[PDB]
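Q: One file: my_file.cif (mmCIF, C-alpha atoms).
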```
data_input
#
loop_
_atom_site.group_PDB
_atom_site.id
_atom_site.type_symbol
_atom_site.label_atom_id
_atom_site.label_comp_id
_atom_site.auth_asym_id
_atom_site.auth_seq_id
_atom_site.Cartn_x
_atom_site.Cartn_y
_atom_site.Cartn_z
ATOM 1 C CA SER H 1 -15.000 -37.929 -23.093
ATOM 2 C CA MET H 2 -12.330 -40.574 -23.428
ATOM 3 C CA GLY H 3 -9.327 -41.078 -21.259
ATOM 4 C CA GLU H 4 -7.799 -40.613 -17.840
ATOM 5 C CA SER H 5 -7.833 -37.133 -16.368
ATOM 6 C CA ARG H 6 -5.082 -34.554 -16.843
ATOM 7 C CA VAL H 7 -2.990 -34.139 -13.702
ATOM 8 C CA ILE H 8 -2.320 -30.604 -12.442
ATOM 9 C CA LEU H 9 -0.315 -29.777 -9.317
ATOM 10 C CA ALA H 10 -1.678 -26.795 -7.353
ATOM 11 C CA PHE H 11 1.358 -25.877 -5.227
ATOM 12 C CA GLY H 12 0.581 -23.000 -2.896
ATOM 13 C CA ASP H 13 -0.511 -21.634 0.446
ATOM 14 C CA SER H 14 -3.835 -20.819 2.134
ATOM 15 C CA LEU H 15 -5.206 -19.506 -1.178
ATOM 16 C CA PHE H 16 -4.951 -23.032 -2.588
ATOM 17 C CA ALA H 17 -5.611 -24.933 0.664
ATOM 18 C CA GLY H 18 -9.017 -23.246 0.988
ATOM 19 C CA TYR H 19 -8.534 -21.707 4.426
ATOM 20 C CA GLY H 20 -11.867 -20.850 6.033
ATOM 21 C CA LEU H 21 -13.883 -22.658 3.358
ATOM 22 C CA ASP H 22 -15.906 -25.845 3.323
ATOM 23 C CA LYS H 23 -15.118 -29.026 1.421
ATOM 24 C CA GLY H 24 -14.997 -28.507 -2.325
ATOM 25 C CA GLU H 25 -14.944 -24.701 -2.136
ATOM 26 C CA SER H 26 -11.179 -24.186 -2.493
ATOM 27 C CA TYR H 27 -9.686 -22.664 -5.618
ATOM 28 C CA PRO H 28 -8.159 -25.971 -6.867
ATOM 29 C CA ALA H 29 -11.461 -27.818 -6.425
ATOM 30 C CA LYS H 30 -13.512 -25.146 -8.178
ATOM 31 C CA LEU H 31 -10.882 -24.768 -10.897
ATOM 32 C CA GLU H 32 -11.082 -28.502 -11.581
ATOM 33 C CA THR H 33 -14.823 -28.212 -12.197
ATOM 34 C CA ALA H 34 -14.463 -25.067 -14.325
ATOM 35 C CA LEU H 35 -11.924 -26.708 -16.630
ATOM 36 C CA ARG H 36 -14.688 -29.051 -17.848
ATOM 37 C CA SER H 37 -16.042 -25.999 -19.702
ATOM 38 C CA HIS H 38 -12.708 -25.780 -21.535
ATOM 39 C CA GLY H 39 -12.962 -29.390 -22.698
ATOM 40 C CA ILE H 40 -10.592 -30.620 -19.958
ATOM 41 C CA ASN H 41 -11.076 -33.391 -17.401
ATOM 42 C CA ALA H 42 -8.450 -32.559 -14.780
ATOM 43 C CA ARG H 43 -7.460 -34.071 -11.469
ATOM 44 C CA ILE H 44 -5.987 -31.173 -9.532
ATOM 45 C CA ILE H 45 -3.662 -32.167 -6.704
ATOM 46 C CA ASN H 46 -4.300 -29.713 -3.890
ATOM 47 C CA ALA H 47 -0.813 -29.132 -2.506
ATOM 48 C CA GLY H 48 -1.810 -25.925 -0.773
ATOM 49 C CA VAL H 49 -0.484 -25.607 2.766
ATOM 50 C CA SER H 50 -1.812 -22.739 4.909
ATOM 51 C CA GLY H 51 0.987 -20.384 6.078
ATOM 52 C CA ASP H 52 3.615 -21.810 3.674
ATOM 53 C CA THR H 53 6.385 -19.303 2.886
ATOM 54 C CA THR H 54 8.532 -19.603 -0.243
ATOM 55 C CA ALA H 55 11.153 -21.327 1.927
ATOM 56 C CA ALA H 56 8.581 -23.830 3.188
ATOM 57 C CA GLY H 57 7.536 -24.536 -0.388
ATOM 58 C CA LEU H 58 11.145 -25.048 -1.443
ATOM 59 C CA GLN H 59 11.637 -27.428 1.481
ATOM 60 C CA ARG H 60 8.798 -29.700 0.299
ATOM 61 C CA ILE H 61 8.688 -29.424 -3.509
ATOM 62 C CA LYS H 62 10.779 -32.559 -4.131
ATOM 63 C CA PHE H 63 8.791 -34.588 -1.598
ATOM 64 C CA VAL H 64 5.465 -33.440 -3.058
ATOM 65 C CA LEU H 65 6.567 -34.378 -6.574
ATOM 66 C CA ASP H 66 8.057 -37.717 -5.470
ATOM 67 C CA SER H 67 4.807 -38.514 -3.653
ATOM 68 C CA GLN H 68 2.719 -38.334 -6.836
ATOM 69 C CA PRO H 69 1.597 -41.581 -8.488
ATOM 70 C CA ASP H 70 1.117 -39.599 -11.714
ATOM 71 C CA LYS H 71 3.596 -36.960 -12.791
ATOM 72 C CA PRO H 72 1.963 -33.512 -13.017
ATOM 73 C CA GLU H 73 1.335 -32.277 -16.530
ATOM 74 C CA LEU H 74 1.255 -28.659 -15.292
ATOM 75 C CA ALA H 75 2.367 -27.124 -11.997
ATOM 76 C CA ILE H 76 0.649 -23.975 -10.745
ATOM 77 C CA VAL H 77 2.903 -22.207 -8.228
ATOM 78 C CA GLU H 78 1.286 -19.726 -5.826
ATOM 79 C CA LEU H 79 3.655 -18.632 -3.055
ATOM 80 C CA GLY H 80 5.097 -15.480 -1.523
ATOM 81 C CA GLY H 81 2.090 -14.004 0.219
ATOM 82 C CA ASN H 82 3.280 -15.394 3.577
ATOM 83 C CA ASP H 83 6.770 -13.882 2.992
ATOM 84 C CA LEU H 84 4.963 -10.494 2.593
ATOM 85 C CA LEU H 85 2.926 -11.131 5.802
ATOM 86 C CA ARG H 86 6.179 -11.763 7.702
ATOM 87 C CA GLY H 87 7.880 -8.709 6.128
ATOM 88 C CA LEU H 88 10.608 -10.974 4.766
ATOM 89 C CA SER H 89 13.224 -10.100 2.162
ATOM 90 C CA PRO H 90 11.750 -10.002 -1.366
ATOM 91 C CA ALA H 91 15.180 -11.009 -2.728
ATOM 92 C CA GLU H 92 15.137 -14.193 -0.578
ATOM 93 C CA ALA H 93 11.561 -14.933 -1.705
ATOM 94 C CA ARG H 94 12.757 -14.685 -5.313
ATOM 95 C CA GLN H 95 15.666 -17.034 -4.578
ATOM 96 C CA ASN H 96 13.402 -19.570 -2.878
ATOM 97 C CA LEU H 97 10.879 -19.451 -5.715
ATOM 98 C CA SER H 98 13.770 -19.874 -8.160
ATOM 99 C CA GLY H 99 14.664 -23.146 -6.450
ATOM 100 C CA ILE H 100 11.065 -24.367 -6.759
ATOM 101 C CA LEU H 101 10.878 -23.497 -10.450
ATOM 102 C CA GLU H 102 14.296 -25.030 -11.101
ATOM 103 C CA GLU H 103 13.117 -28.352 -9.680
ATOM 104 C CA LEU H 104 9.973 -28.273 -11.842
ATOM 105 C CA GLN H 105 12.060 -27.356 -14.896
ATOM 106 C CA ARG H 106 14.510 -30.180 -14.211
ATOM 107 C CA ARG H 107 11.557 -32.581 -14.394
ATOM 108 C CA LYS H 108 10.224 -30.868 -17.540
ATOM 109 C CA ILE H 109 6.943 -29.950 -15.813
ATOM 110 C CA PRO H 110 5.313 -26.856 -17.373
ATOM 111 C CA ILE H 111 4.811 -23.960 -14.969
ATOM 112 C CA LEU H 112 2.071 -21.402 -14.428
ATOM 113 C CA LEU H 113 3.116 -18.774 -11.873
ATOM 114 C CA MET H 114 0.415 -16.943 -9.865
ATOM 115 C CA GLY H 115 1.640 -13.339 -9.374
ATOM 116 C CA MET H 116 1.337 -11.936 -5.826
ATOM 117 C CA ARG H 117 1.125 -8.178 -5.048
ATOM 118 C CA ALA H 118 2.249 -6.345 -1.909
ATOM 119 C CA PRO H 119 -0.230 -4.074 -0.064
ATOM 120 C CA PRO H 120 0.941 -0.470 0.650
ATOM 121 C CA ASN H 121 1.622 -1.119 4.350
ATOM 122 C CA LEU H 122 5.291 -2.054 3.932
ATOM 123 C CA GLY H 123 5.984 0.988 1.748
ATOM 124 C CA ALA H 124 6.616 1.680 -1.963
ATOM 125 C CA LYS H 125 10.279 0.534 -1.854
ATOM 126 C CA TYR H 126 9.372 -2.939 -0.519
ATOM 127 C CA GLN H 127 6.169 -3.159 -2.632
ATOM 128 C CA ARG H 128 7.943 -2.412 -5.950
ATOM 129 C CA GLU H 129 10.737 -4.911 -5.120
ATOM 130 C CA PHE H 130 8.296 -7.667 -4.087
ATOM 131 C CA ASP H 131 5.908 -7.176 -7.009
ATOM 132 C CA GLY H 132 8.735 -7.369 -9.545
ATOM 133 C CA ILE H 133 9.938 -10.828 -8.536
ATOM 134 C CA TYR H 134 7.092 -12.562 -10.388
ATOM 135 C CA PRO H 135 7.663 -11.167 -13.919
ATOM 136 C CA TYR H 136 11.374 -11.756 -13.383
ATOM 137 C CA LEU H 137 10.825 -15.413 -12.466
ATOM 138 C CA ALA H 138 8.356 -16.039 -15.290
ATOM 139 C CA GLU H 139 10.833 -14.759 -17.874
ATOM 140 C CA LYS H 140 13.819 -16.553 -16.386
ATOM 141 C CA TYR H 141 12.114 -19.943 -16.100
ATOM 142 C CA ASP H 142 9.930 -19.743 -19.243
ATOM 143 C CA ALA H 143 6.796 -19.908 -17.118
ATOM 144 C CA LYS H 144 3.409 -18.507 -17.943
ATOM 145 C CA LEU H 145 2.322 -15.778 -15.542
ATOM 146 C CA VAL H 146 -0.984 -14.603 -14.135
ATOM 147 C CA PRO H 147 0.237 -11.102 -13.235
ATOM 148 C CA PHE H 148 -2.168 -10.492 -10.324
ATOM 149 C CA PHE H 149 -3.804 -13.676 -9.054
ATOM 150 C CA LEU H 150 -6.134 -11.873 -6.626
ATOM 151 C CA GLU H 151 -7.113 -9.115 -9.080
ATOM 152 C CA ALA H 152 -10.708 -10.311 -9.355
ATOM 153 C CA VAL H 153 -11.321 -9.756 -5.623
ATOM 154 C CA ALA H 154 -9.127 -6.655 -5.265
ATOM 155 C CA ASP H 155 -12.079 -4.248 -5.333
ATOM 156 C CA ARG H 156 -14.585 -6.633 -3.718
ATOM 157 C CA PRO H 157 -14.483 -6.623 0.098
ATOM 158 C CA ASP H 158 -17.789 -8.516 -0.008
ATOM 159 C CA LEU H 159 -15.860 -11.448 -1.564
ATOM 160 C CA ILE H 160 -13.165 -11.535 1.148
ATOM 161 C CA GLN H 161 -13.570 -13.465 4.391
ATOM 162 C CA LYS H 162 -13.560 -11.557 7.650
ATOM 163 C CA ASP H 163 -10.957 -13.228 9.848
ATOM 164 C CA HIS H 164 -7.747 -11.420 10.971
ATOM 165 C CA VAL H 165 -8.461 -7.894 12.109
ATOM 166 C CA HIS H 166 -5.167 -6.041 12.635
ATOM 167 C CA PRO H 167 -5.723 -2.379 13.501
ATOM 168 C CA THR H 168 -3.565 0.282 11.806
ATOM 169 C CA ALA H 169 -1.598 2.704 13.982
ATOM 170 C CA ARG H 170 -4.601 5.021 13.895
ATOM 171 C CA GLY H 171 -6.859 2.064 14.663
ATOM 172 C CA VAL H 172 -4.733 1.347 17.744
ATOM 173 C CA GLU H 173 -5.291 4.939 18.943
ATOM 174 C CA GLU H 174 -9.056 4.309 18.525
ATOM 175 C CA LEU H 175 -8.804 1.145 20.715
ATOM 176 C CA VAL H 176 -6.748 3.031 23.307
ATOM 177 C CA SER H 177 -9.308 5.833 23.489
ATOM 178 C CA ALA H 178 -12.113 3.299 23.976
ATOM 179 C CA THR H 179 -10.389 1.117 26.591
ATOM 180 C CA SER H 180 -8.110 3.356 28.690
ATOM 181 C CA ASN H 181 -10.868 4.087 31.211
ATOM 182 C CA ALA H 182 -11.278 0.359 31.838
ATOM 183 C CA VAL H 183 -7.533 -0.148 32.240
ATOM 184 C CA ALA H 184 -7.169 2.790 34.632
ATOM 185 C CA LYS H 185 -10.121 1.520 36.677
ATOM 186 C CA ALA H 186 -8.725 -2.031 36.843
ATOM 187 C CA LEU H 187 -5.299 -0.873 38.056
ATOM 188 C CA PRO H 188 -5.308 -0.790 42.309
ATOM 189 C CA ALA H 189 -4.752 2.907 43.186
ATOM 190 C CA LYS H 190 -1.238 3.758 44.522
#
```
Please go through the file and, once you have read it, give me the structure as structure tokens.
A:
Amino acid sequence: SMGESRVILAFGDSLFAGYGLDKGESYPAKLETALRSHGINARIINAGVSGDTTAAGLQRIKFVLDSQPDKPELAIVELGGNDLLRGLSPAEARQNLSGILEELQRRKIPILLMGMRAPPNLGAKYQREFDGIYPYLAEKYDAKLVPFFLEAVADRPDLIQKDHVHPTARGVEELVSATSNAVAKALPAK
């Protein structure tokens, strides 16, 4: 094919950075290769930063854009999962994401928003509020939306890395039942 590659900014968190994966296995790298099958030669800027919250993304969006030798022709924005992990306000996440999208819109950079979904641990009230920020933002900022970015792995635990293992409250009881003898034995008798 003719011509320089199309520049895409992948602006996100550990899901773009490729946490736990080897070189070339991250989503932006594999997406770049897959776009060849759509007739596209892309250079995807991997601006994923592990642990980035929406506020962290807002803090760096201008710097990331100003650092580019070639202006992005599309920005893919994938943030909010870390806000969920910290239990942070969904309203503040929406406000922070709004600031990111406003900067992209100012520069006339098209936006694709990757929708994030809350797990049931925080409760239905928080989950409904968090999930709704993405369709709201896509409408407000004329962005295309992938409603549920992680949908394709949602029912596939075999496709999810084993790393953090946080017991549930019932899981904690299981650990206590298995380890209390050892604790009692390690404590000097009174």
Q: Check the smallest atom-to-atom distance from each of H:45, H:101, H:118, H:2 to residue H:149 using all atoms listed in the file, then report the winner.
A: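 Of the candidates, the smallest distance to residue H:149 is held by H:118.
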Q: Using all atoms listed in the file, can you tell me which of H:114, H:172, H:93, H:145 comes closest to residue H:11?
A: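 That would be H:114, the residue with the smallest distance to residue H:11.
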Q: For residue H:160, please output as a ChimeraX atom specification all residues within 12 Å (counting only C-alpha atoms; exclusion window: fewer than 2 positions along the same chain).
A: /H:15,19-21,150,152-158,162-164
Q: Write out as a PyMOL selection string which residues come within 9 Å of stretch 33-42 of chain H when counting all atoms listed in the file, dropping same-chain ones fewer than 5 positions away.
A: chain H and resi 1+3-8+28
Q: If the PyMOL selection byres ((chain H and resi 77) around 9) is run on the structure shown, which residues does it catch, given as JSON, numbers by chain?
A: {"H": [9, 10, 11, 12, 75, 76, 78, 79, 97, 100, 101, 111, 112, 113, 114]}
Q: Would you please work out which residue, of H:31, H:110, H:89, H:179, is nearest to residue H:144 when using all atoms listed in the file?
A: H:110
Q: Every residue with an atom at most 8 Å from (2.8, -10.8, -6.1) (file coordinates; only C-alpha atoms) is what I'm after, so could you write them as a list in words?
A: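 Residues found, by chain and rising number: residues 80, 81, 114, 115, 116, 117, 118, 130, 131, 132, 133, 134, 147, 148 and 149 of chain H.
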Q: Any idea what the distance is between atom CA of residue H:24 and atom CA of residue H:51?
A: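 That distance, rounded to one decimal, is 19.8 Å.
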Q: Using all atoms listed in the file, can you tell me which of H:67, H:103, H:85, H:92 comes closest to residue H:119?
A: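 The answer is H:85, which sits nearest to residue H:119.
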Q: Which residues come within 12 Å of residue H:62, counting all atoms listed in the file, excluding same-chain residues fewer than 3 positions away, as a PyMOL selection string?
A: chain H and resi 11+56-59+65-68+99-104+106-107
Q: Using only C-alpha atoms for the distances, tell me which of H:174, H:52, H:169, H:84 is nearest to residue H:126.
A: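 Of the candidates, the smallest distance to residue H:126 is held by H:84.
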Q: Produce the centre coordinates and the three edge lengths, each in Å to one decimal, of the box along x, y and z that contains all listed atoms of stretch 126-137 of chain H with 6 Å added on each side, as lines of an AutoDock Vina configuration file.
A:
```
center_x = 8.6
center_y = -8.9
center_z = -7.2
size_x = 17.5
size_y = 25.0
size_z = 25.4
```
Q: Which value, in Å to one decimal, gives the distance between atom CA of residue H:109 and atom CA of residue H:73?
A: 6.1 Å
